[PDB]
Amino acid sequence: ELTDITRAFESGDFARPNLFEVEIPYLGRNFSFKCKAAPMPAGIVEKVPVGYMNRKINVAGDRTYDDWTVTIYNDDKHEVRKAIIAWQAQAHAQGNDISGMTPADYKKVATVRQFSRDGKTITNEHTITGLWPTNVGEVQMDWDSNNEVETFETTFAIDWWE
Amino acid sequence: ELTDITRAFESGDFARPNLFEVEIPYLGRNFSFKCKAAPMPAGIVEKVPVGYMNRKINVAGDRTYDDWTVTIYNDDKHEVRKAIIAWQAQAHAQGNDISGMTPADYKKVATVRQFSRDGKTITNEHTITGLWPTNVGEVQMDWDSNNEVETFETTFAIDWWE
Amino acid sequence: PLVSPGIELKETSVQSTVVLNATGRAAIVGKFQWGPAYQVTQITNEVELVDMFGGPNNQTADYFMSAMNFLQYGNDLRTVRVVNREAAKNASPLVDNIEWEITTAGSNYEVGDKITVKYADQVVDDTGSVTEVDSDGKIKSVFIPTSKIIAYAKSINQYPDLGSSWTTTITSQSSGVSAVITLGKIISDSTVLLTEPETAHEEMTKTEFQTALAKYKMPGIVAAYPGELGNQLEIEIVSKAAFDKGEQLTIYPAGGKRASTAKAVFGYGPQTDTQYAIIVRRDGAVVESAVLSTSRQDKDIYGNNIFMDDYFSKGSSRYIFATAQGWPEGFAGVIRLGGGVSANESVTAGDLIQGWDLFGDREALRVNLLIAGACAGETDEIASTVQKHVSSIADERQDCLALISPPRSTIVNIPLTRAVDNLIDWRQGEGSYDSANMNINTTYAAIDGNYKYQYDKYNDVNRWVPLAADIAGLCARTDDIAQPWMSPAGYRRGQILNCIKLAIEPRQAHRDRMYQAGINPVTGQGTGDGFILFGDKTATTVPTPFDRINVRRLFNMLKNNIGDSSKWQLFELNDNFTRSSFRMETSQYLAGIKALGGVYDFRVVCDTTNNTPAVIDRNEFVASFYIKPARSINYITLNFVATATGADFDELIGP
Amino acid sequence: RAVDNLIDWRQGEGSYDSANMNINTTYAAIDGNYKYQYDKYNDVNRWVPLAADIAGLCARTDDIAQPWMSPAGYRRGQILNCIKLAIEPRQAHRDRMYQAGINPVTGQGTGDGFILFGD
Amino acid sequence: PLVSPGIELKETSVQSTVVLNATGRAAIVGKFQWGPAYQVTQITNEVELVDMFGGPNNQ
Amino acid sequence: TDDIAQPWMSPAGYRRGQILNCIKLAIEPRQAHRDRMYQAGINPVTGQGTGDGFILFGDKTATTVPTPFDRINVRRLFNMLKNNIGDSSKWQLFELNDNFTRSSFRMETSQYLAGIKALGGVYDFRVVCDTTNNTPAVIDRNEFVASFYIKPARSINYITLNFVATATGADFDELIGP
Amino acid sequence: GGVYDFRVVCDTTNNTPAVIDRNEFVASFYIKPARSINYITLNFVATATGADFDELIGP
Amino acid sequence: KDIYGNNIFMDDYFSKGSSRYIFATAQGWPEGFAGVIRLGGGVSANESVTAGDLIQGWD
């Protein structure tokens, strides 16, 4: 009966936690090749307890969403990091200005995809609506930190995903 | 016997304290999307004590109503706050005039609704007769009050609700 | 309405009506005055009914009043109309023309030459014309303004068919040989029955009808449905040639000349040579306007199709149907339709039987209540033979509840002491009712036991109505107040709403006699203007657990839910997972009913103890539900004991 | 009459004795209804022979569940785009068709669904 | 049951019975109303008994 | 109008469309004349119902042939769209017509129209842009294609009020039935 | 789960030399395909108050 | 219809219960008629009343 595990992969394989890409139209093609890691989003619907006598039964509460945090490789001329900060600069101006554009301007659409083990084929695809970068991570530069490529985290807020 | 609590929701669910809207025809559609909170009205009928020997028995007194207080989000061009004050200005002129229109002019009708958990369906609807804004709240603006949207309370008088 | 934007203020009398909008679905068949025939339709409020099927009148009110009553409690009334195929006819352009026949062709006449009309050598009219000639100047077509001829034939008592003396002298400023035309009948009878737009083309285009249309040079337009309302309709067709020139239109067949309003009703004309603008109006008021094309393909501004045979057949119209198949070139005449007739008084058992069978499918339509009921307006043998058959639809489907009523003859204005006896005798099939009998024994039918007197707000009259619709109303609207195992009877529920009076009130000694015959008594409330349904029994005479209506409707509610959940196990394997799945889901369902209080207890039995391999090998799956339904109070006994002073309760009762 | 014509056509009797069916092979599946459908190019409703949708089910099953799974049912076998079918076979007729090897296609138990209801 | 596939809903009175299924083996001889005679047989639940040897009666 | 309510709102009416500074107009069109002008596509401008107000009292562009772009509000709506999407699309000139360019242009313009849908300019919209029209026979001539299907908002234009002068007695519980 | 069980038969028990000498090769597959549910029978039994399930059914 | 939209057909106006002096019908009405009528020969016969009447009344 051990062959029964094949029912767990009628589709042809297990999904693989590394065969993925992220597309963000605002940032051009090259961002999709520079994004190292990204959690495919959680879906949270917190329970409400309703008490009766001395027992409690649960009912569905109201949906909420956590932030979405990616990790990026940075190139030698910072073509991503300068773009992410220049995007955030529309939400609230970095530097000596005290300004920021309307929500319709700084919100953007983004898409996460996971490929089949044939690299041609997309098997799951979620759009994420209304990204903007709430926090662009520090780069912890250090003369003892030799033999790594530069990476940083970025934490987008989201409105919903589908 | 714990399943008995299902008798508490034959209608399909508990009512939810957030699935509501307020309509005030005088202020157009957009007010209904800007009204954050509103207590579905109280109904008060104060008791009268009638004494006999050394005991007292109660009888129904005469109905009264408290004020109705809502809370509003304000937009960047004050399309609500200027309208509420310009409504109150008919009850007694704001500024240097000493004038105010007849009660038939400044009184208005309003409606509170609560939806089912299917967002299409209205399950309870109360009209409120003869609103007018007795008090438009302060906005407590402050340079330390960062990371909130602007809200204010408004306290309408009412004649009755049905 | 206006052409410019603006406010229009008006005064009239008109029957705008509000709606109560509680949930509930039922089905009905009847002889309405207008709208589709032998086609199932959905009505959801008062005004949809009035617009789609027309207002009540003397011959049709029983069906309309029945429909309108249920539609005040529920919100879906799946409805079918029937008509007698040999008798009903659609209103048509040919009616009240005179059958002219060519008797001598003449020579050298021309278009606009005068037609005289004479009877007893008195001139009746001479304003008719030669309307087409060949190059020889022989007559090929004529037009006669028949309204003037009719004024004579209606006062001479001759209208349906004309005498010998009617003569046609064609007189003009040039002739080669004197032409002669003969007049036959005024065609008061009408040529076509057209029921269902999907089917329409062939019935509108047989050569016999098309020959008459071509002869009078008329467009192929008819009233969309068989009925009387069609005789009100007037159509103002126009084309580029007439529209741009702003010409005076000609009225057919009556005669007359009129200014067009087409350039006011639309924003623009029909745009090209092959397009005709239609306006249709009734009682003066416009009801529909269109721009249509006789080109085998053509497109309006959006890219939707506007070829003649499509626009109508796709189901857009509910006043007129038309076809391109014989359309006259360039035509711009006003048409008045005539000779439409419903023939409702001719309706026979074969019609209502054929109508009710459209609800026969157990799969296609989840309808809880078959109203029947309105059929109890008819003669005794129609009311019997139709209602027995309708109960058989409940016996074939085994999923619903059918109502039943005694016919009008049984109760209305018969003395009480006789009326109840007639009603039992009709129920069990004796006396003069032995041919028009009831003998139905099924648990899927509920016999109603009274007739009601009600105000018709459309005609403004009081009329008698078979009560079944209101009982269906109770059995439906209960579902939005308390769950389906709750009885429709009582005083906290079961109020009959709108009434003046019932045909009889059964006193206790009679009320017992009816109830043991399985007729449900409906009575006045204990005082005032209330009326209540006062009992439950399905029509069974043999004892059975499914005796009371509430038990029947409970097992319907279960069968119609578990009989859906089980569908998801068709074409599965009968393995251990399929069994556990079906046991857990249906137990979860029945636990809900147990908590709400429909059943005291239940068991679900489904495992190897009945799905033995001898079942598996024939592609079968089995499960058994053991269910004990709720009791109810029916009989309340109150004892008052008038004890003495002294003799105290601490001695007699001892608290 | 329609169901009787359809059996008589299936087994080659009545007016169908020249235009008959007599096929007995296990490589053929006889479809049992006709559908009414919207043509979005001409913008008309028209009647269409149902076979294409049944081929559709027998194909697209292969991307939902493996080829030994039946195309019939309610969790599968939804006919997609329809207004109505030419007949609905009531139970007494549905039995008579199915013993002639015609597959009945019917309305779903309610609403706008239609399903292939046999193999 | 039907000839066509489908759901058949029915009402009756019938004695479907559940089983406790703990292990144990024993032997018995008797005068049952139906089933094989002078032949050893294996019964393993209530319903196998009722189907193979028939229901009880007075004798 | 653009600083009071969004461009698909008509300039006509009484809550908007006040002409500000005037003494009088050269004519006032009575109803029988007002109809005759409006079917010629001339917009009537009139006195307000009383006092010193004057209002623009109708919408029609100068078309005589029927067309969807008849009313001024529909015209100004499609101008607002064409003049925004006809700017967003500029950023795809001299790109490749690859899968990313298509998804970029579909997502951005959908995000834009979703704003218009929420504010209520259009009841619904579809954006069609993929292999179903950007077939290789388009690619090989340096072309890119997209189709927007848009159903614009209706409006009230004609208001009909009925006053019915019923008798004493003859009560509303019988005639209307609340 | 397409087949409950199968056998593949292919050896000297059928590829006898009398097959070899005519340039032929043989194999036999014995396959028992899956059943299916086609007919569902649901029984609803409308038993009395009292008359309890611990007596009639015996859990 | 009268001015308000209420019905004024002969057989309705009387049968709905409006009148308490005269009843009429259209069923044989003379054309164009404009005569003054005086009604006659009405009689109550109260002195003839018998047990059967009051018994039928009280019921």
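Students often forget the sequence filter, so: which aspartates and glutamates lie under 20 Å Cα-Cα from C:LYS138 once same-chain residues fewer than 8 apart are removed?
C:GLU99, C:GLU101, C:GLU110, C:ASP113, C:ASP126
In the range C:79-186, with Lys and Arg counted as +1 and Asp and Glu as -1 at Cβ, which of these residues, C:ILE102, C:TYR119, C:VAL130, has the Cα nearest the positive end of the dipole, that is, farthest along it?
Result: C:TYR119.
So if I place +1 on the C-beta of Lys and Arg and -1 on the C-beta of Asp and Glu, and nothing else carries charge, what would the dipole magnitude of the range C:362-493 be about its Cα centre? I want it in debye, nearest 20. Provide the component values of the computation, followed by the final result.
Details: 13 positive and 17 negative charges, 92 e Å.
Here the range C:362-493 has a charge dipole of around 440 debye.
Could you list C:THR250, B:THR154 so that the one with the fewest beta carbons within 10 Å of its beta carbon is first and the one with the most is last? Show your work: numbers first, answer last.
Numbers: C:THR250 17, B:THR154 21.
Ascending Cβ contact count within 10 Å gives the list C:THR250, B:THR154.
Add +1 for every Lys or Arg and -1 for every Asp or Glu among the other residues with Cβ under 15 Å from the Cβ of C:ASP380, and state the total.
Working: positive: C:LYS388, C:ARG408, C:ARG427; negative: C:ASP62, C:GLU378, C:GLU381, C:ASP425, C:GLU430, C:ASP434.
Spelling it out: positives minus negatives among the neighbours equals -3.
Count the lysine pairs in the range C:154-293 that are 8 or more places apart or on different chains: how many have C-alpha atoms under 29 angstrom apart?
So the count of such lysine pairs works out to 21.
Antiparallel versus total DSSP beta bridges in chain D: what percent is that, nearest 5? Provide the component values of the computation, followed by the final result.
On the way: 12 of 13 bridges.
The antiparallel fraction comes to roughly 90 percent.
Please give the residues of the range F:62-81, grouped as numeric ranges, whose backbone N is less than 17 Å from a label point set 7 Å along the Cα-to-Cβ vector of C:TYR302.
F:66-71, F:74-75
Test of understanding: in a Gaussian network model of chain A with alpha carbons linked when under 10 Å, which of A:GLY43, A:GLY12, A:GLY130 would top the mean-square fluctuation ranking?
Among A:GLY43, A:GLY12, A:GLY130, the largest mean-square fluctuation in the Gaussian network model of chain A belongs to A:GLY12.
Which number gives the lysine pairs in the range C:519-655 that have C-alpha atoms under 19 Å apart and are eight or more places apart or on different chains?
Working: C:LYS537/C:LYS628; C:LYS559/C:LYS567; C:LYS559/C:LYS594; C:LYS559/C:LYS628; C:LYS594/C:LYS628.
The result is 5.
Only Cα pairs within less than 10 Å get springs; with that Gaussian network setup on chain B, which residue of B:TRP87, B:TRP68, B:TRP143 has the largest fluctuation?
Between B:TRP87, B:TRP68, B:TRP143, it is B:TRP143 that shows the largest mean-square fluctuation.
Taking only pairs that are 8 or more places apart or on different chains, how many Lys pairs in chain B have Cα atoms under 23 angstrom apart?
13
Give, as a single signed number, the net charge of other residues whose beta carbon lies under 13 Å from the beta carbon of C:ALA67, with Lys and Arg counted +1 and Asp and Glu -1.
Values: positive: C:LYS31, C:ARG78, C:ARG81; negative: C:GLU46, C:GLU48, C:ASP62, C:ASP76, C:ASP456, C:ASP470.
Around C:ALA67, the charge tally is -3.
When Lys and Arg each count +1 and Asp and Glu each count -1, what net charge do the other residues less than 9 Å away from A:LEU131, Cβ to Cβ, add up to? Walk me through the numbers before you get to the answer.
Working: positive: A:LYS107, A:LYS108; negative: A:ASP159.
Cβ neighbours under 9 Å give a net charge of +1.
So which residue, out of B:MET101, B:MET40, B:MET53, gets the largest mean-square fluctuation from a GNM of chain B using Cα contacts under 10 Å as springs?
Maximum fluctuation in the GNM of chain B, among the listed residues, is at B:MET53.
Using +1 on the beta carbon of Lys and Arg, -1 on that of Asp and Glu, and nothing else charged, what's the dipole of chain A about the Cα centre, debye to 20? Let's see the in-between values first.
Values: 17 positive and 25 negative charges, 101 e Å.
It works out to roughly 480 debye.
Suppose every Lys and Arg Cβ carries +1 and every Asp and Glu Cβ carries -1, with no other charges. What dipole size does the protein assembly as shown come out with about its Cα centre, to the nearest 20 debye? Could you put the intermediate results ahead of the total?
Numbers: 135 positive and 177 negative charges, 306 e Å.
It works out to roughly 1480 debye.
Which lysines does C:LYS501 reach when only Cα atoms under 20 Å apart count, and residues fewer than 8 places away in its own chain are ignored?
C:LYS452, C:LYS457, H:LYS16
No value in this document is a laboratory result; all are computed from the given coordinates. Backbone-built Cβ (ideal geometry, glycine too); neighbour counts: all protein chains shown.
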